[PDB]
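Student:
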Ligand SMILES: CCCCCCCCCCCCC/C=C/[C@@H](O)[C@H](N)CO
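This is the structure we're talking about:
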C-alpha cells in the first residue's frame, strides 16, 4: 500500500478455483480462498495462491 | 417431653407420600408365596413386547381386524407410498393404543428408540422390495420416495424372512419428549414406499397384507406418572 | 437505603489542563464511565427491590 | 437525556478557563440515580447493607 | 469471604495499574493499594448471603385463585396452569439468569371466608381441601365431582383447615438440561405460531376444590401458592428487568428511561 | 448416618447435625453453605490474560 | 454431635444433652451457663494497685 | 508485538493491525459434543474446513445518527455456502463462532461501539398485545436497526436502543461477552462464542441462540473534509459445527 | 514500556503517558534528618501521608508571548492543607519535594519549556537602591512572571527573563536540576528535590530554599484552528517533612 500514513482501510484479497464462474460480488469471492488485509504499519500483505489442480502440472 | 417444633406439611395427606403406619391386623400370618410364571417388575418389560399396530385405522375399518392390515399390491407405477404416520407414540391414533402407547399414557415424558417390525403375509410366490423410512422433523413429511430416501431408511426385500425391522433412533434436541403432543417436541415421520413392486406369478393373489408391530428398544424410559385419559366413569359401577 | 449517618462522600472530576486538539479534529468529546465492585465488597440483608411493581397478575 | 444513549456520555471539550468541573455525584450507590441502575446498583437494591471499594473506570 | 486490604506505601514506577484499555472487554482488577497508600485491614466480611441459593431460596407467592363451597360449576373449583411469570417479584429474580436448574418447595396458604347470604344456625364443620396436579395429558376435571378427582395416579394433597400450610418438594422436572428463562425462538419450524418463552412452557395444571360438599351458607376459599427454589444452579447472568412487565407470556415492554434524572451532571442532591 | 456441619457463627469470636429422612434428594434442605466463587468468567474473558501493572495496549 | 452439659443442681447435695438442629448460630438457645466475673474494671481502675492493709495516701 | 493478530480457519485468514485481546465466551472455548452429554444417537456430520471458515456479511455504514444494528445467529448464516446447506438438511445442529467486527476510521475521527453477543435475546413487540414477526426479528445477513425513539408498528420489534429491544438498560449489556471499538485505539473486535443453550443441540431454524449487537455509545464524529463513509463489516466463522438428523431439506 | 509513569504519595496518584526519566536532585533522594546531623533537640512531628501528598497549584496559560513564570517553595505551599498548617505552628521544618509540571498540546503544536529548580534564588530589585518586596518575590501559589523587557518598579523584581532575575545568563540555568518539556516529545517533567540548605532545618516563612522556574525557550506556536488554550499545571508533593519547635501559629 502506497497511501499515506494517515490513510486506513481493509481489503479482501481472494482466489477462486475454477468450475463456477468468476466472483462478481464480495459475497461470492469471500466463499473462496481469501485473506483480509488491514492497512497499518505493515504496508504489505501476502495472498498466497495454493496449488489446487486436478493435474500436477498445468500448461503455460 | 422432648421439645419439638412442627413444620409446614404436618397432618396433610399427600397421595404419593411414603410413611410407616400401624397394621390393623397385628401378627397376621400371611399365606406363603408361590412362584407364578411371568412375574413383572417394570412396566417397561411390557412396553418392550411387540403389539400389532392398527396402521389401517381409517373410518370404518377401526372396528374390524382390518385396522391391522396394511394393503400392498402389484402396481403399474413406481415408488407409490404404502402408508405414513407421525412419530407421536403417545398421542397419535395409529400408535397410542398399543402396549407401548398404553403405557406411555400413564406418563408425561418418554424417551427412547422404537422398533417397528413388518411381517409380510403374502404367499410364498410373491416377491417385492419396500423402502421403510424415518424422517426427523424440520422439513415437511416426505411426499415422494426420493424425499423419504434422503433420511433414515432400510430396504426390505421380501423372501424367506417374512419380517423386517425399521428401528427408529432417538434423535431429539431434548432427552425427553412429552407423551402429550407439543410442536416443540415433534418427532418426525415414518413412511413406507414401493422400492420395486409386488411381482407374482399367474394363479397367485396380487393383493397382500402386511402386519406391523411396535415395541421399545433398550434405551427407552418413561417419566412422570399421571392418570390415562383413556378410562372415564360417571359414577360407581355396581 | 440512604441515611445521613451513613453518608459516603463525593466523586468529582475536573480539568487538570485542557483538551488540546489540532485543527481539523473535533474539540468536543465524550467519556464513558463504568462501575464495579472491588474484591472487598459484600452485601447483607436480603429485601425485595423497590424497582418492580405490579397491579395484578399478568396474563 | 435520560431516554437517550446520551445519558451515558460525559461531555468534555476544549475550554478558555482552568480547572472547570466535569461532573459530580455522591457515593450513594444504592439510592442515587447516577449509580442505582447499574449492575452494581441493581444488586445493592436486593439488599439492605453494603460494604466495599468501588471502581470507576473512565474511557 | 472477602479480601484483606494489604498495606502499601509510596511509589515512583513505570508500572501503571490505574491506566488500562477497557476496549478489551475486560474489567480492571484494581484495588485501593494500587492508587493510594493503604493500611493493612484483616477483612472478615463474608459473601454468604449473595450466594445464588440464598438469593432465590425464600418462598414467594407465585399466584392465588379462589373457589366456593356451593355455587355451581365455574365457582365450584379452580385451576391454574403452572408458570412463574404472572408475578413481578419472583419472575424478575429468576430472570437475572438465562438458564437455571433447581428443585422446588411448594407451600400453600389456604384461607376461607363467609359470603353474605348468611342463613341462621350456620355452624359449619371444618373444611378439607384437595389440590391435584395434572401432568400434561392427564384427564382434567370438569366439575367438583368428576371422576378425575379419584387421583389413582396424579398426586394430590388433602388438607384440613387450621392445620399448617401443606408442603411438598418437587425435583427438577424439566425435559432439557435446565429450565430456560428466555427462548429467542419459535415453537414451529416455519416460525408461524408462538414466539418466545411461552413455547417452552408445559408444566401442567393444578386443580383445587373443597371436599366437603356445599353447605347452606356460601363460603369462598383462596389458595395462595408459594414457590421456593432449592438446590439451585444458574447460568448466563443477564441485566435485571428495567421496564415493568406487561404480559405473562412474553417480554413485551413500554420503553422506559435508563434512570431517574437530576438537574445537571453536577448535582450532589440524591433524588 | 447423621451429618455434623458448622453453623454460620460470625467472625471475631459451633456445629449442627442433620439426618435426612426422605428417599429423594429433592426433599433435602437448601445448600445454603456453598461458597464457590469465580468472577474470571465474566470479569476477564480475554484470551491474552492482562496483567494489572502493565501497559494494557502494547 | 450431641453435647452433654451439667444442670444447675444446687449445692449441698446431673447432666442434660443438647443437639443443635439449625444452620445458624443465632438459632441456638441461651448462654445461661457463662459465669465469667471481673469487677476490677470498675472497682479498682487505679493505676497504682492499692493494697488493703496499707496507708492509702502515703 | 501484540495488538496485531492473524486467524486462519479453513481457507480464510483474517489479520488485524490494532485489536485488543480476543474475548472468549465465558472463558469457554468451543468443542464438539461429548458422548456423555449427547442424546441424539445418530452419527453426526462434522464437515470441517468447508463449514468452519470465515463468512463475510453485508457491510453497514456508520453515520452520526445510527442508533445501532443487530444480527441473529445462526440465522445470519443460513445462506452462507455449505454451512447453510448443512442447516437445511439437518433437524439438529450445534456450533460455536469466532466473530470479527471490522471498522477503520482515521485518527481525526472518533466514536465508540459496543460489540456484544447476547445469548437468547428474546425481543419485545412494539405493540404490547402482539408478537413481533420473523422479519422484524431477523432480516438474515442484513442487519436490523435499533431506533432512537419508540418504534411503532403493529408487529414490529420495540427497537428503541435504550432498552436494547429487551426491556433492560442498554448500559448493562456488559455482562454479556463483548468488546468496544473506540476508534481512537481499536479498529476491530473479535469474540469467540462457545455454544450456549439448555440442550446439547437444537434445530437451527426455529431457535436463534445469540444476537450480535453493535451499538454506538459515543457517536461517529469528524471535521469537514474527513471521509464520511465509515462502514462496519462483520465476518463470522462457525466453529466445531456438527449436525444430526439428516433428511430432505427446508423449514416446516 | 517506559515513558509511561505512576507516582503515589499519600492518597494521591499521578500518571503520565509521555515523560522522560525523573530527574533526581543532585542524585540525592530525600530522607529524614539523622541524629548525627541534627541540632534542635525536641522530638519532631513527621505527619506523613497527611502532608507528603500531591498539592495541585493554580494553572497558568502558555501564550506565544509568555516570557516565563516562577514560584517559590515552601511559600507556594503555605496554604495547602496540613502542610501549611504544620508550617504555621512550627518554628522549624524541612522537606524534599517531587515536582510534576504538566502541559499537553497536540502534535501540531510546538514549543519547549525549561523546568528548573533553583536552590537559593536571591533576586535583584528593578531599581538598584532598593530591595524587592515580599509580593514581588512570591505571590504564593500564584505564579509571578518574567518579562521580555527591563522591569521598572520602585520595589519590583528585575524580571527580564534573560537574566532570570538573578543577574546571570538564563541559558546557564542548566547546572540546576531541570528537564525540558518539548511538546514534540514530552508533556510533563518530574523533578525530585532533596532538601538543600546550609543548616539542617530552617524556618519556613523567612527563607525560600528553591524557586521553580518555567521558561519557554522555543515559543508556543500553531496553525489557526488548533486550540489556543494550552495551560501549564504544577502539582507538588512534600517528601519527608518534619517540623520542630511547636508553639502558637503565624508569622512575626
Ligand atoms: C401435589 C402438587 C404437585 C405440584 C407440582 C408442580 C410442578 C411444577 C414445577 C415447575 C417449575 C417451573 C419453573 C419455571 C420454569 C420455566 O421458566 C421454563 N419456561 C421451562 O423451561
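Residue numbers (the working numbering), protein chains in the order written: chain A, 1 to 60; chain B, 1 to 238; chain C, 1 to 59; chain D, 1 to 59; chain E, 1 to 271; chain F, 1 to 58; chain G, 1 to 58; chain H, 1 to 252; chain I, 1 to 252. Cβ coordinates follow ideal geometry from the N, Cα and C atoms, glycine included.
1) Give me the chain E residues within the contact set of residue 9 of chain I, using Cβ-Cβ distance strictly less than 7 Å, ordered along the chain.
2) Any chance the CB of residue 227 of chain E is under 8 Å from a heavy atom of ligand 1?
3) Ligand 1 and residue 83 of chain E: does any heavy atom of the ligand fall closer than 8 Å to the residue's C-beta?
4) If you follow the alpha helix (DSSP H) that residue 43 of chain F is part of, which residue opens it and which one closes it?
5) Going by Cα to Cα distance, which pick from I/207, I/50, I/1 is closest to residue 75 of chain I?
6) Inspect the CB distances between the segment 42–55 of chain C and the segment 42–57 of chain D and report whether three or more fall short of 8 Å.
7) Given a threshold of 16 other Cβ atoms within 10 Å of its Cβ, counted over all protein chains shown, does residue 126 of chain E qualify as buried or as exposed?
8) At a threshold of 8 Å, does residue 96 of chain E count as lining ligand 1 (C-beta to nearest heavy atom)?
9) Going by C-alpha distance, which of B/50, B/210, B/38 is nearest residue 70 of chain B?
10) With a threshold of 16 other CB atoms inside 10 Å of the CB of residue 100 of chain E, please say whether the residue is buried or exposed.
11) Below 7 Å between beta carbons is the criterion; list the residues of the segment 11–23 of chain B that meet it against any residue of chain E, in chain order.
12) For residue 2 of chain E, would you say it is in contact with chain D, using Cβ-to-Cβ distances shorter than 9 Å as the test?
13) From residue 171 of chain B to residue 3 of chain C, what distance separates their C-alpha atoms?
14) Is it true that the CB of residue 148 of chain E sits closer than 9 Å to the CB of residue 134 of chain E?
15) Relative to ligand 1, is the shortest distance from any of its heavy atoms to the C-beta of residue 174 of chain E smaller than 8 Å?
16) Does any residue of chain A have a CB that is nearer than 9 Å to the CB of residue 191 of chain H?
17) Which first and last residues belong to the beta strand (DSSP E) in which residue 93 of chain H is found?
18) Output yes if chain E places a C-beta closer than 9 Å to the C-beta of residue 29 of chain C; else output no.
19) I believe residue 126 of chain H touches residue 70 of chain H by the beta-carbon criterion, under 8 Å. Please report the beta-carbon distance rounded to the nearest angstrom.
20) Identify which residue in E/229, E/145, E/75 has its Cα closest to the Cα of residue 62 of chain E.
21) Tell me the rounded alpha-carbon separation between residue 148 of chain B and residue 165 of chain B.
22) Could you name the residues that DSSP lists as bridge partners for residue 84 of chain B?
23) Roughly how many angstroms separate the alpha carbons of residue 194 of chain I and residue 183 of chain H, rounded to a whole number?
24) What does residue 57 of chain D reach in chain E if we use C-beta pairs closer than 7 Å?
25) Whose Cβ in chain L lies nearer than 9 Å to the Cβ of residue 15 of chain E?
26) Sort E/266, E/42, E/153, E/41 by Cα distance to residue 16 of chain B and report the nearest one.
27) Are the Cβ atoms of residue 51 of chain B and residue 220 of chain B separated by less than 9 Å?
28) Taking contact to mean 3 or more Cβ pairs, one atom from each stretch, closer than 8 Å, check whether the segment 117–126 of chain I and the segment 148–167 of chain I are in contact.
29) Have a look at residue 243 of chain I and residue 219 of chain H and give me their C-alpha separation to the nearest angstrom.
30) State the start and end residues of the unbroken beta strand (DSSP E) segment that holds residue 56 of chain G.
31) If you check the beta carbons only, do residue 237 of chain I and residue 55 of chain I fall under 9 Å apart?
32) Anything in chain E within Cβ reach of residue 182 of chain B, meaning under 7 Å, just list it in chain order.
33) How long is the line joining the alpha carbons of residue 92 of chain B and residue 86 of chain B, rounded to whole angstroms?
34) Per DSSP, what are the beta-bridge partners of residue 53 of chain D in this structure?
35) Whose Cβ in chain D lies nearer than 9 Å to the Cβ of residue 253 of chain I?
36) Do residue 170 of chain E and ligand 1 come close, with the Cβ less than 8 Å from some heavy atom?
Tutor: Inspection of the coordinates gives the following:
1) 10
2) yes
3) yes
4) 40–43
5) I/207
6) yes
7) exposed
8) no
9) B/210
10) buried
11) 11, 12, 13, 14, 15, 16
12) yes
13) 60 Å
14) yes
15) yes
16) no
17) 90–102
18) no
19) Rounded, the Cβ-Cβ distance is 15 Å, inconsistent with contact.
20) E/229
21) 17 Å
22) B/191
23) 44 Å
24) 22, 28
25) No chain L is part of this structure, whose protein chains are labelled A, B, C, D, E, F, G, H and I.
26) E/153
27) no
28) yes
29) 54 Å
30) Careful: residue 56 of chain G lies outside any beta strand (DSSP E) and carries neither H nor E.
31) yes
32) 202
33) 7 Å
34) Answer by DSSP bridge pairing: none, since residue 53 of chain D is not bridged.
35) Nothing in the structure corresponds to residue 253 of chain I, since chain I is present only between 1 and 252.
36) yes
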